[PDB]
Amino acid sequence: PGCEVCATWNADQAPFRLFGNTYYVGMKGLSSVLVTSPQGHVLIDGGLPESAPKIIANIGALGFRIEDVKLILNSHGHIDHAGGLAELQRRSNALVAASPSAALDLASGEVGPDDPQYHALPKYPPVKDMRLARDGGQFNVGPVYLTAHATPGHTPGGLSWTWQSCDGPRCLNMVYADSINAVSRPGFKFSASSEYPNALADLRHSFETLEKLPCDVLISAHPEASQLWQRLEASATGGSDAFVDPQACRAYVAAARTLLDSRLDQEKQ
């Protein structure tokens, strides 16, 4: 009874350092990112419910502990990013930060009628304790300071995150970009939803937001959308330079715009 899509998304990925105190601890098709400090760590996204043990194992393999995670951040409320959150919270006793809209999904373990994939995803374990992250909201664990950027469209509650990571004197701007791809259950119309009427305005404004972010190192919620595995392969002999590309967020938005244009053409004809 295996789901080939979930199986592919959740496939093992050996964890690795991206830049400075920023590490990848996710899976082949779903990102999770660890940002460390001696005062504890920040963890971004939780994958599917069955991703949580893999993320935890990956944190350990790097030489860190889930017990030292003091803040967990969410991108959006779909099961493939929020499903593992309840377990990660239990194992770390960390608070989870999410947008007001995503937090509604997390609290019930299922999305509402305004989600493009409402009625088309399984329920997942509800997240017990949360903090709301609004646009421009700043969060910290010791010296690592994260800023939330509202980037809805793929869901009404989409959030992207920025912070800086340093490898001594050189600092780079890190970006965890939420999904901004216009995909849905069949029959949903981004151009004509009565439950999510702001979908197009959201996507356009998110495109604007993401494309002008300071952006040295990009990790997308679905890693292949930022070519992470090509970049990782390059890093074997290339080093951290392989992950650095100041044009990455602009290219990410350009690709999403292209997808949206095609999608709107399909909805109209």
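Note that residue numbering begins at 1 and tracks the sequence as displayed.
Remark: stretch with higher mean C-alpha B factor among 165-173 and 137-145 is 165-173. Mean CA temperature factor is higher for 106-114 when stretches 150-158 and 106-114 are set side by side in the entry.
The top Cα temperature factor in the record, among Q39, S220, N58, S206, falls on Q39. Within the listed group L43, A201, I66, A225, the record reports its top CA B-factor for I66.
In this PDB entry, the Cα temperature factor of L34 sits in the middle third of its chain's modelled residues.
Remark: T22 belongs to the middle third of its chain, ranked by C-alpha B-factor as recorded.
In this PDB entry, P53 carries a Cα temperature factor that places it within the middle third of its chain's modelled residues. When all modelled residues of the chain are sorted by CA temperature factor, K212 is found within the highest third. Among the modelled residues of its chain, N93 has a C-alpha B-factor that falls in the highest third according to the deposited record.
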